[PDB]
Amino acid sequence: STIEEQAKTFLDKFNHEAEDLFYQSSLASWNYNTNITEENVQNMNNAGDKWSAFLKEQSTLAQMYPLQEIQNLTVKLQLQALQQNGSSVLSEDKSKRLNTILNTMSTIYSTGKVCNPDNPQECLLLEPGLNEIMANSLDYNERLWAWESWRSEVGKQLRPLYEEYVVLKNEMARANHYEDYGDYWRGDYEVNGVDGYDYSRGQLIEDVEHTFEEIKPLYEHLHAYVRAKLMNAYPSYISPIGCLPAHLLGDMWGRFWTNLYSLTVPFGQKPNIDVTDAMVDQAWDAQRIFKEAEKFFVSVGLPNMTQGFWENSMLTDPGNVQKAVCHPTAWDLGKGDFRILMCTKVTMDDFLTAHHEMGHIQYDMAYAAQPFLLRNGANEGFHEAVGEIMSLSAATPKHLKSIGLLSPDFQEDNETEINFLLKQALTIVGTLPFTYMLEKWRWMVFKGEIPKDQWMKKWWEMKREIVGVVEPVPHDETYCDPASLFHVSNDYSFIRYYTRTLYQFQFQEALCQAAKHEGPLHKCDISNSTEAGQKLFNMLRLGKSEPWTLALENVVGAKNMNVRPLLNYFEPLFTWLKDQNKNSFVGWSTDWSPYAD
């Protein structure tokens, strides 16, 4: 037999065995997240360990088939996914140490606490507490206390662990035939053996940097505008030409500027659209929320939710004696079983989350026919882009009207528009520079371009230059500020938030053009457009069977990540911003710091 037709038989055996073990493991996890019990956690952990052990025997059994001796690119993909050693490429004593380090960093992050200087017995965890403060406090000193203490007490515990961690990780990566751990992560965008859609790992770094350059003007103006607003909020604490102090941005790191809305809102008098009241007066409930979301998809040519989705889904919190995790989540348990777990509340926010989450299900259903290993988004950043796209259309004033949740009496002004776009930009645009800079620092650390003795130095040099943000206190190499962020100490790649953001607007611009939308992109609603739903579905059913470059193309007509659509979305705010900054200093000096004097 040929090491192709036997690989095909190996794969066929895997899919049937895998589909069944993944289903048992999924069902077990679903029981525990819907009915937190002691035996339900038992059933789950065991069903999960049976799946991991299967995946390992199957991986170290697929090696047998020479990747080069393979032709059918579709079988190469599957085979590729499977024969990935990863950490198992390490010697038992190493793997053991790496796992200990990961668990340790993880626990000090979720369990570390800081205590009040004037009361050693009043101690706060990051969540909630420090988070509550960083999001709501308007006191410069209290915010500074929380920012520095988090990094001083827990971040420093992470420093030692993080260094050993990159060593061990780069080792895993090299032995797996990659340059370094960061090169390993970029491996998610790599596509080969396909003329015209190939994509290099290093090519990710340059498309990110090239697209980032085009975003800079919008960011600088957003930066100059909020920097002037924060000056009124913190009189005499900030320079007209300086970086924004790190502890004044709305969350513990400045990942999103979302919480800077009350201090930066362009027209505080105009009412912020919020139907979370009109839903109540109409006696709306969880069922109606998801039924309306379901109706939204069918309106563009997608299928109804499945029978069973409605029966097996936990769309409401069971209350007391039925403890469950309420984080909204979309499940693809296998064998055509789809479910959404969410403790739905009658709010505008949950009406949008339902669309986002039902967006994921739709994506899961569209590619259910692909073999097991190809059932996922084209790349790490597609699923959330698809989910975010749904809320965009559902929140538009035009959508809320046609649905009867917003009366045709709510006039939209050029001011309610800028108010909305600014709010959007604080989350969406504010996070792009933060995200790119954080991953850049890690990429460089993994490559070895930043000596342990210059980690923090380079970190803050980069915060000041790229993000235009400065540390309130100086930090030596004793600190590990990037690790005080969940994704860093919890070992998750971060660039996906950058790419997903650019993808979502490419998708949205594409679907809206296919929907014959007329005005500004941010007012678009794709409802009723089967032409939009068809274009969306052409890439959705692909799963990961095609290069992501092709799945993108099937939707936007181009094979690469492009920032123009994001910019088009924000153009109205961008022109307003420029005029607002007519007399302001746009940009920043990297010399200034809160302590320079």
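Just count from 1 along the sequence shown to find any residue number.
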| item | value |
| --- | --- |
| Mean C-alpha temperature factor, higher of 225-233 and 397-405 | 397-405 |
| Comparing 486-494 with 270-278, the one whose average Cα B-factor in the PDB entry is higher | 270-278 |
| Residue, from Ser110, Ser152, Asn414, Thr427, that the PDB entry assigns the highest Cα B-factor | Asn414 |
| Selection by C-alpha B-factor (highest) of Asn376, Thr347, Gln121, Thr264 | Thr347 |
| Entry-reported Cα temperature factor of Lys544, expressed as the chain third it lands in | lowest |
| Where the record places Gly336 (Cα B-factor, split into thirds across the chain) | middle |
| Ranked against its chain, the third holding the CA B-factor of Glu311 | highest |
| Chain-wide C-alpha B factor ranking for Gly533, given as lowest, middle or highest third | middle |
| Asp317 - which third its CA temperature factor falls in, relative to the rest of the chain | highest |
